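In what follows, a structure is listed as structure tokens, so that the remarks can point back to it.
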Number of protein chains: 4
Amino acid sequence: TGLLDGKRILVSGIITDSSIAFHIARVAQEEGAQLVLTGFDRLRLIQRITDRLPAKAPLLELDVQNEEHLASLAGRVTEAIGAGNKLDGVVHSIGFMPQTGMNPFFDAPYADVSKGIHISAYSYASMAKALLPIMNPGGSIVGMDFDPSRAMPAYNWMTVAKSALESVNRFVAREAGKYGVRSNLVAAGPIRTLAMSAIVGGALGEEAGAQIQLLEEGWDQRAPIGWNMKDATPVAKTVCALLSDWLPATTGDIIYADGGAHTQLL
Amino acid sequence: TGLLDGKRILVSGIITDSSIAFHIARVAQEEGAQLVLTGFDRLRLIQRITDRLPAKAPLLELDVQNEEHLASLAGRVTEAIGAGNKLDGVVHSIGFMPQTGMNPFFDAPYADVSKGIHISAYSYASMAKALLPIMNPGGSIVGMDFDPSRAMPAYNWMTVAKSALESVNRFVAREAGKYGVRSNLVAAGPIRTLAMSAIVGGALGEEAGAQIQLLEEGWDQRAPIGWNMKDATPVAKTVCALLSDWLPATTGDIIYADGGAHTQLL
Amino acid sequence: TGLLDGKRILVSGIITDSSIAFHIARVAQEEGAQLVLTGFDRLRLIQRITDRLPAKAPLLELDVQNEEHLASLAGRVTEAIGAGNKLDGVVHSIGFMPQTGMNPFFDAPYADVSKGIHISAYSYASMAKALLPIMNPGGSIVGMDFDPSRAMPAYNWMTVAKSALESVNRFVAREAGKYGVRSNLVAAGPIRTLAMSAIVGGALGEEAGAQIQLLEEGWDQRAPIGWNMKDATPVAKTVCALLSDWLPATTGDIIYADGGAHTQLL
Amino acid sequence: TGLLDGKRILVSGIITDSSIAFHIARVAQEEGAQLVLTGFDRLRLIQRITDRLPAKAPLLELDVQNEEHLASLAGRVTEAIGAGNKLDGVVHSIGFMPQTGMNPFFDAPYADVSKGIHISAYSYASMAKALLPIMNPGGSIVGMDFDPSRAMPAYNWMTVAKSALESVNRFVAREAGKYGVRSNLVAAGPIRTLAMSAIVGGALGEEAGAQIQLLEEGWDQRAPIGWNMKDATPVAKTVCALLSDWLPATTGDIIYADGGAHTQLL
Ligand SMILES: NC(=O)c1ccc[n+]([C@@H]2O[C@H](COP(=O)([O-])OP(=O)(O)OC[C@H]3O[C@@H](n4cnc5c(N)ncnc54)[C@H](O)[C@@H]3O)[C@@H](O)[C@H]2O)c1
Ligand SMILES: NC(=O)c1ccc[n+]([C@@H]2O[C@H](COP(=O)([O-])OP(=O)(O)OC[C@H]3O[C@@H](n4cnc5c(N)ncnc54)[C@H](O)[C@@H]3O)[C@@H](O)[C@H]2O)c1
Ligand SMILES: NC(=O)c1ccc[n+]([C@@H]2O[C@H](COP(=O)([O-])OP(=O)(O)OC[C@H]3O[C@@H](n4cnc5c(N)ncnc54)[C@H](O)[C@@H]3O)[C@@H](O)[C@H]2O)c1
Ligand SMILES: NC(=O)c1ccc[n+]([C@@H]2O[C@H](COP(=O)([O-])OP(=O)(O)OC[C@H]3O[C@@H](n4cnc5c(N)ncnc54)[C@H](O)[C@@H]3O)[C@@H](O)[C@H]2O)c1
Ligand SMILES: NC(=O)c1nn(-c2ccccc2)c(=O)cc1Oc1ccc(Cl)cc1
Ligand SMILES: NC(=O)c1nn(-c2ccccc2)c(=O)cc1Oc1ccc(Cl)cc1
Ligand SMILES: NC(=O)c1nn(-c2ccccc2)c(=O)cc1Oc1ccc(Cl)cc1
Ligand SMILES: NC(=O)c1nn(-c2ccccc2)c(=O)cc1Oc1ccc(Cl)cc1
């Protein structure tokens, strides 16, 4: 008798125990969801990580850049959930931007930007095209986003990728609505993941690290209810809220799991 | 084992069985909530209406224009829920704008506009000031709104009142956060209430009625998942979603229960 | 051969040489505009101030709370510009919020808030209703605004008044368009006026003063082209740009003269 | 004694006499600007078109996909305007999206989308990187945009490209501010160009054509001051307003030359 009791939900984006998707999968499992998981490249690494989730879930290989993976996805999912069964939810927690994109903004070559927008924005439509035929009416497609309304230091082309992702969602909703399915994004505040901690520790340089740290601190002071960058649970709960039947008139939208920071100047 | 199981929630704004608040109260009761209700002026009428809710709830008199009602509210609530007990949720479903405000836009006198903004926008802060001292950490204040981003025909000063209400919410969140309480609004699409049907039937004139009907129709065509103006249940579910613990990092915000219409041009 | 050469423009809101309107009037006069000015209560004070403008302009008494002043305004203006002549532009640089409104947010009584919204938001429509019948096609109504999208400390009910003003503008544009007239707002960054400097110097308290100073500093760091709070000339130029024929397809809108700060997170 | 008297402005995007850039160049020339023009591929066609501008202007070859063109651009411009002279303005009126991108939204392959985002969004930063070193303090970079806030039929991936372009602008402003240069976009309503008329006449199909026509009609009814899709002059004037010194505190922003349509629901 959980929030997602009996729902069949696909969750992508697990790579480490710090991934937002890991906590999405954990909360959803605690809430009665039967999950199908997607992973990219490091499959043996992902299997080991996912063994720590409350329940066992079938792991599938999915590179969003691979057209053959996408074409075979619906088949590979139906084979995992059972014939005659469909998905009730889909979670997109996929994002990437080469080193040059997140180095000055003018120094990122288009090849790097294009790979970033492919994986971070275009993939949301790729996943929808492939999974909507095997989704039930009342279904929910959730994507992971960060507020790209105003420009910020260090994130550069990843912010551009988010602006595109938000636009992609708005169109996915048009297609998803034909199937009785909702399409929405969760705009989260900064969450200290492996990539987030490394960059803050000066992996992408000192100027990048200092800027990210000021962003994080500014977030907790702006957020009326506070913001804990070490806690992905408030984000994971919000995604489950969208996967549930408790937001039935919300599509093409963005739900801000940011502590209320986007609503405050200072 | 419901969404709001064991939560003590105050619900204002019930006047008829078509009121958005009636359905908010119904869904919340179905979800395990113990409710305290507020009514205005026509108390014998409201008692009769509320007798149709799944469970009995104490009815309290509250005119948001009455400073004595607001000052005595916390006391009257604690007396109803029991000493030592606090509220876990508050619902604002209060709105009014004299006939002249919703007649040309330039013809509404300030006395009429001021009464409208008092009841429709200022009251949200009045309620918060009075009920936050008797609210528990993790609490939720929800208000009823409609998207006032772009101007529209016939709604005129009620749209202005909504623009103010959205701004009020953003500040209420600053105060509510001190108490561990969230403050948010639900921006709903058109819902055929008694006031809504009367105005559409030419109560406020022909030009007003025709404009409202075009608004309603335009809403269903824009909304990717459709929009049923005769169904307040998708709205009522969204308010309960905010009263729950499933949106814990959302404050000073607006959740659109509009079928996705605000995200689409046409 | 200036930007507003031969244009007849009404300018309200001059009280001191630090008023945004004083600089609006100065730039417009430098640009070939023949001006009609409105003042409130301290008429002998305003006459003395306005004597410092590049050219002499007729001063008119206008309290926006006075219904008789508004009703007699068109007549008093036509008598000043000459019979058969009309206004080509109108400038609204009027704003007020009692001490309690800008003291905690919950402590402001409605009487104080209502006076604030009357003078700061409703007056924009009052002025439009009165001056549109004496405005020429191609005309321009400009109002002074500050970004109320996100809540901020100390400004409280003045921010709410701005949110309402922006909504009012959107409706004024509907009425103004019938006359071939544009209606827009200029959202300026902080400008060190007499009221602004006093409040920063601890007139409205220490917490208020400290918050305003942090707002000002944060503005210059966010603004890509910088922000000089001691210089109202960039604001005054933007208002003239809207009074000109160089923004002919912009109405119901907001032009941000803020140094680009609203477009940047940090 | 014009708006841009003595200003040296680069204008890209001229292909036909119906191109928004042709009218931008015409108005700017009428306003005292000395222009440098860029063209793509069909150089003999562009030279013939540009011969109809009020004054002769040097034409330069610039494919935004060509890294050698961008690297040699500053040199080729300085050689055209004269050594020691710099640009005071830059106009980006470049946009493209393959046939599949504007066919269902899910059917556009990434190769087509990537080419579109390259030419329509990334190119804005490419141009800025190359031309900022040869731009004077007080300079202005203007880009052509359409409101991508809400999704619409038929435009699909071109809308996504615009959402990215708006984000790109916000970052370009950060870099441009270092040089004392402003960076802004002009969001125009539909303008009947050769590509616009062809698509409306059923070049991209019937469903696409019908949708574009409904968009155009809906624009004129929403716009308080009206909207003439056959007139690019109001757009061209707005770009010149941004190239002027009359909007000195506006950067990373969007100016809507849409007749006020984005501010109105219906
Ligand atoms: N970290 C934050 O603070 C933050 C905030 C808001 C939103 N987000 C978003 O949340 C999502 C997940 O990020 P995270 O913070 O959990 O980090 P993460 O590194 O744990 O997740 C990114 C995931 O993308 C996957 N991925 C990359 N390239 C792929 C490809 N070609 N095919 C398929 N999958 C691919 C990786 O395998 C990984 O699982 C991203 O969309 C990110 O932008 C992050
Ligand atoms: N009807 C719609 O389509 C729609 C859409 C979105 C939001 N809303 C909002 O939902 C809320 C409820 O409206 P509804 O549509 O259910 O209509 P309704 O008439 O049933 O509710 C309005 C309520 O306001 C109360 N009220 C008025 N003056 C009051 C006062 N002085 N003190 C206390 N209460 C007072 C009335 O008693 C009534 O219960 C309003 O805030 C409204 O603006 C309505
Ligand atoms: N100061 C800033 O930083 C800032 C920034 C953006 C926008 N604004 C806005 O600019 C406008 C002008 O403010 P300012 O900063 O120049 O300060 P100001 O004190 O010089 O101007 C306010 C004006 O409002 C007039 N006014 C007040 N009550 C009135 C009434 N009843 N009838 C008629 N006029 C009345 C006053 O006489 C005065 O001229 C206001 O709308 C304000 O909110 C100010
Ligand atoms: N047409 C409208 O209604 C409308 C409305 C708002 C904004 N816009 C924008 O205005 C701009 C100009 O479009 P238009 O309507 O004048 O049409 P247009 O076809 O006349 O202009 C597009 C231009 O892009 C150029 N271009 C394409 N690929 C290029 C490349 N690889 N390198 C360099 N230049 C390249 C073309 O040569 C052409 O001059 C575009 O950015 C467009 O999206 C158009
Ligand atoms: N905390 C981070 O370092 C971070 N990381 N990413 C990210 C980028 C690529 C891949 C995975 C996550 C994001 O997408 C966002 C990140 O933090 C932000 C940045 C900006 C904002 Cl508004 C909110 C959160
Ligand atoms: N359907 C209606 O007639 C209606 N009614 N009210 C309203 C006004 C005063 C009191 C109660 C409800 C609203 O506040 C809003 C109403 O409909 C709208 C109007 C505009 C929009 Cl964007 C969405 C819904
Ligand atoms: N600098 C100030 O102190 C100030 N003052 N007023 C104000 C209020 C009432 C009457 C005149 C001006 C405003 O309306 C705005 C003011 O500064 C702000 C405040 C917030 C923002 Cl976003 C931008 C500028
Ligand atoms: N009228 C059109 O057909 C049109 N064409 N383009 C376009 C696309 C690619 C190249 C040049 C112009 C656009 O970028 C925009 C166009 O019209 C729109 C479409 C949407 C909106 Cl919100 C406003 C105008």
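Here's how to read the names in the structure tokens: chain A, B, ... by the order shown, residue numbers from 1 in each chain, ligand numbers from 1 in the order shown.
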Could you give me, as a tab-separated table, a per-residue list for chain D showing, wherever an atom lies at most 12 Å from an atom of ligand 6, the closest pair of atoms and their distance in Å to one decimal, using only C-alpha atoms and all ligand atoms and sorting by chain then residue number from low to high?
```
residue	atom	partner	partner_atom_place_in_ligand_line	distance
D:264	CA	ligand 6	22 (Cl)	10.7
D:265	CA	ligand 6	22 (Cl)	8.0
D:266	CA	ligand 6	22 (Cl)	10.2
```
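Residues of protein, DNA or RNA lying at most 6 Å from ligand 7, when only C-alpha atoms and all ligand atoms are considered, are residues 95, 96, 97, 146, 147, 189, 190, 191, 192 and 196 of chain C.
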- request: Kindly work out which residues sit at most 7 Å from ligand 3, using only C-alpha atoms and all ligand atoms, and give the list as a PyMOL selection string.
  value: chain C and resi 12-16+18-21+39-40+62-65+93-96+119-120+144-146+187-196
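In this model, the gap between atom CA of residue D:67 and atom 10 (C, counted along the ligand's line) of ligand 8 comes to 21.1 Å.
With atom CA of residue B:138 on one side and atom CA of residue B:92 on the other, the separation reads 17.7 Å.
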- request: DSSP on the backbone, then: every residue of stretch 2-122 of chain A marked strand (DSSP E), written as an MDAnalysis selection string.
  value: chainID A and resid 8:11 34:39 59:61 87:92
So that I have them on file, write out the residues from the current selection with C-alpha atoms, as a PDB file, in the first residue's frame.
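Final file, part-v1.pdb:
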```pdb
ATOM      1  CA  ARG A   8       5.979  -0.926 -13.587  1.00  0.00           C
ATOM      2  CA  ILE A   9       8.630   1.875 -13.877  1.00  0.00           C
ATOM      3  CA  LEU A  10      11.791   2.111 -16.039  1.00  0.00           C
ATOM      4  CA  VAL A  11      14.660   4.016 -14.318  1.00  0.00           C
ATOM      5  CA  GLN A  34       8.456  -3.048  -9.831  1.00  0.00           C
ATOM      6  CA  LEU A  35      11.459  -1.526 -11.680  1.00  0.00           C
ATOM      7  CA  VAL A  36      13.302  -2.090 -14.984  1.00  0.00           C
ATOM      8  CA  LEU A  37      16.695  -0.385 -15.071  1.00  0.00           C
ATOM      9  CA  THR A  38      18.881   0.982 -17.844  1.00  0.00           C
ATOM     10  CA  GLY A  39      22.650   1.440 -17.623  1.00  0.00           C
ATOM     11  CA  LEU A  59      19.287  -4.303 -15.814  1.00  0.00           C
ATOM     12  CA  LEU A  60      19.309  -3.361 -19.531  1.00  0.00           C
ATOM     13  CA  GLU A  61      22.074  -1.820 -21.645  1.00  0.00           C
ATOM     14  CA  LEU A  87       5.230   0.452 -18.375  1.00  0.00           C
ATOM     15  CA  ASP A  88       3.379   2.878 -16.056  1.00  0.00           C
ATOM     16  CA  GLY A  89       6.392   5.191 -15.670  1.00  0.00           C
ATOM     17  CA  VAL A  90       9.734   6.181 -17.243  1.00  0.00           C
ATOM     18  CA  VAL A  91      12.602   8.082 -15.535  1.00  0.00           C
ATOM     19  CA  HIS A  92      15.237  10.004 -17.531  1.00  0.00           C
TER      20      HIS A  92
END
```
query: Of the candidates A:159, A:99, A:47, A:78, which shows the shortest atom-to-atom distance to chain D, using only C-alpha atoms?
result: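 For chain D, the nearest of the candidates is A:159.
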message: Env of residue B:109: 12 Å cut, atoms = only C-alpha atoms, seq-sep filter 4 positions within chain, self excluded. Answer as a ChimeraX atom specification.
response: /B:97-105,113-116,157 /C:65-67,118,122-123,125-126,129
- request: Could you tell me, as a PyMOL selection string, which residues of stretch 119-203 of chain A DSSP assigns to alpha helix (DSSP H) when given the backbone?
  value: chain A and resi 123-131+156-176+194-200
Deliver the residues from the most recent selection as a file, using C-alpha atoms, as a PDB file, in the first residue's frame.
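Saved file part_37.pdb follows:
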```pdb
ATOM      1  CA  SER A 123      17.760  11.554 -25.541  1.00  0.00           C
ATOM      2  CA  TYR A 124      14.559  12.596 -23.647  1.00  0.00           C
ATOM      3  CA  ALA A 125      12.619  12.428 -26.980  1.00  0.00           C
ATOM      4  CA  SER A 126      14.578   9.255 -28.071  1.00  0.00           C
ATOM      5  CA  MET A 127      13.426   7.470 -24.874  1.00  0.00           C
ATOM      6  CA  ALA A 128       9.838   8.750 -25.255  1.00  0.00           C
ATOM      7  CA  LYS A 129       9.605   7.619 -28.968  1.00  0.00           C
ATOM      8  CA  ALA A 130      10.770   4.117 -27.976  1.00  0.00           C
ATOM      9  CA  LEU A 131       8.832   3.664 -24.705  1.00  0.00           C
ATOM     10  CA  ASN A 156      27.992  26.966 -19.590  1.00  0.00           C
ATOM     11  CA  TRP A 157      26.931  24.473 -22.343  1.00  0.00           C
ATOM     12  CA  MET A 158      25.267  22.123 -19.786  1.00  0.00           C
ATOM     13  CA  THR A 159      22.867  25.041 -18.978  1.00  0.00           C
ATOM     14  CA  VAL A 160      22.217  25.429 -22.784  1.00  0.00           C
ATOM     15  CA  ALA A 161      21.543  21.612 -22.897  1.00  0.00           C
ATOM     16  CA  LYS A 162      18.963  22.103 -20.041  1.00  0.00           C
ATOM     17  CA  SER A 163      17.235  25.011 -21.820  1.00  0.00           C
ATOM     18  CA  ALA A 164      16.888  22.636 -24.870  1.00  0.00           C
ATOM     19  CA  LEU A 165      15.730  19.714 -22.580  1.00  0.00           C
ATOM     20  CA  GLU A 166      12.898  21.882 -21.102  1.00  0.00           C
ATOM     21  CA  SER A 167      11.785  22.715 -24.703  1.00  0.00           C
ATOM     22  CA  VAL A 168      12.029  19.007 -25.713  1.00  0.00           C
ATOM     23  CA  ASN A 169       9.761  18.080 -22.712  1.00  0.00           C
ATOM     24  CA  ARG A 170       7.077  20.562 -23.875  1.00  0.00           C
ATOM     25  CA  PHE A 171       6.908  18.720 -27.275  1.00  0.00           C
ATOM     26  CA  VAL A 172       7.211  15.198 -25.773  1.00  0.00           C
ATOM     27  CA  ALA A 173       4.046  16.105 -23.731  1.00  0.00           C
ATOM     28  CA  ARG A 174       2.151  16.674 -27.094  1.00  0.00           C
ATOM     29  CA  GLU A 175       3.046  13.131 -28.216  1.00  0.00           C
ATOM     30  CA  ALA A 176       2.646  11.542 -24.722  1.00  0.00           C
ATOM     31  CA  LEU A 194      30.690  11.976  -7.642  1.00  0.00           C
ATOM     32  CA  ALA A 195      30.906  14.360 -10.704  1.00  0.00           C
ATOM     33  CA  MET A 196      29.641  17.307  -8.546  1.00  0.00           C
ATOM     34  CA  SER A 197      32.145  16.713  -5.699  1.00  0.00           C
ATOM     35  CA  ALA A 198      35.111  16.170  -8.133  1.00  0.00           C
ATOM     36  CA  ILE A 199      34.371  19.467 -10.043  1.00  0.00           C
ATOM     37  CA  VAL A 200      34.000  21.341  -6.665  1.00  0.00           C
TER      38      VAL A 200
END
```
query: Mind listing as a ChimeraX atom specification which residues of chain D are within 8 Å of chain C, counting only C-alpha atoms?
result: /D:1,3,170,173-178,180-182,224-226,234-235,237-238,240-241,246-253,255-260,263-264
field: Atom-to-atom span, atom 27 (C, counted along the ligand's line) of ligand 2 and atom CA of residue B:219, Å
entry: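 Going from atom 27 (C, counted along the ligand's line) of ligand 2 over to atom CA of residue B:219, I get 25.6 Å.
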